[PDB]
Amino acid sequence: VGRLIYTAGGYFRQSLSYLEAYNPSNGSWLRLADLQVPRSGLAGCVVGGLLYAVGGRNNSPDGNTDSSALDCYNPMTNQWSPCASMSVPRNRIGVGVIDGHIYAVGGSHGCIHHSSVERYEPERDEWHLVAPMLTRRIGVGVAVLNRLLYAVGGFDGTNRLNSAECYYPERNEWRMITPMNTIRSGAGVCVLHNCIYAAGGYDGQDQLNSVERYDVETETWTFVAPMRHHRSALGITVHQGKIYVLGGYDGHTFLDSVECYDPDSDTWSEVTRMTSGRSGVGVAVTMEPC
């Protein structure tokens, strides 16, 4: 399923309930049905044509509540429906999809940083815990390549991380991979062709514009062209062989900037602006609604 880039939730002054969809074919944004509960630091993904908003925190005028929610959006009806909740709240979560199943990775609850990981079965509306990561990680980037799930960077409560690890589902087992060249928490992580990209993030001192990619075959990370804007807590997704990065915080502004990376030319371009600047959104790609 692939036609619109959906952005759900986020933060500007407080957590947001926005669901908006961008159409790269015509440059158009649609406002869709609001999330039932505002959240930022959530992740998005799509399975069987449904959009899922996972985890996050409602950082609101009347409190901060970490979310264990899994909510499902149907583009055919333009409606949100609650799905089964995770075992635990997970703010600044990372999510990946392997073979129709959603993996929820790390994230925080209050002062605790999770190494736990759980897997959702859409057909059964059920979550189950799997092997935890080797490291506690929040603000972790996650991507899936060749039916293996990668957890990249993050913050363990004490240090931001350049480390990454890979989960082999048939062995329910995590293994370290080559660390990134840069410490990144809150980076955008995604897969394009045979490569895992990690774009932006925060290294403990600055929001980053640098972008590196891991070749699973060579087990090395190599920098590619940097983004035009430094940004952390950005949203990221892939559409038609190009990476799109959405919003984020640059140490000064909550960005409305959307940039697109073309791997053929190794260039980033500005493609559009979100309707308002914001960080911590969940992003995914699926069919247009009605």
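The numbering used is simple: start at 1 and walk along the sequence shown.
Undergrad: Name the higher of the two by mean Cα B-factor in the PDB entry, 70-78 versus 176-184.
TA: Taking the mean C-alpha B-factor of 70-78 and of 176-184, the larger value falls to 70-78.
Undergrad: Between 141-149 and 79-87, name whichever shows the higher mean Cα B factor according to the PDB entry.
TA: Higher mean C-alpha B-factor: 79-87.
Undergrad: Out of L192, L208, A198, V105, which shows the largest CA B-factor listed in the entry?
TA: Answer, based on the entry's C-alpha B-factors: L192.
Undergrad: Among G94, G154, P122, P132, single out the one with the highest C-alpha B factor in the record, please.
TA: Max CA B-factor in the entry, restricted to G94, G154, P122, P132: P122.
Undergrad: Going by the entry, which third of its chain does the Cα temperature factor of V54 land in?
TA: Lowest third, going by the recorded CA B-factors of the chain.
Undergrad: Lowest, middle or highest third: which one holds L32 when the chain's residues are ordered by CA B-factor from the entry?
TA: According to the entry, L32 has a C-alpha B-factor in the chain's highest third.
Undergrad: Per the entry's values, where does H230 land by CA temperature factor relative to the rest of its chain, in the lowest, middle or highest third?
TA: Within its chain, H230 is a middle-third residue by C-alpha B-factor, going by the deposited values.
Undergrad: Going by the recorded CA B-factors, say which third of the chain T220 sits in, lowest, middle or highest.
TA: It falls in the middle third of the chain.
Undergrad: Can you work out whether the C-alpha temperature factor of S279 puts it in the lowest, middle or highest third of the chain?
TA: According to the entry, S279 has a C-alpha B-factor in the chain's lowest third.
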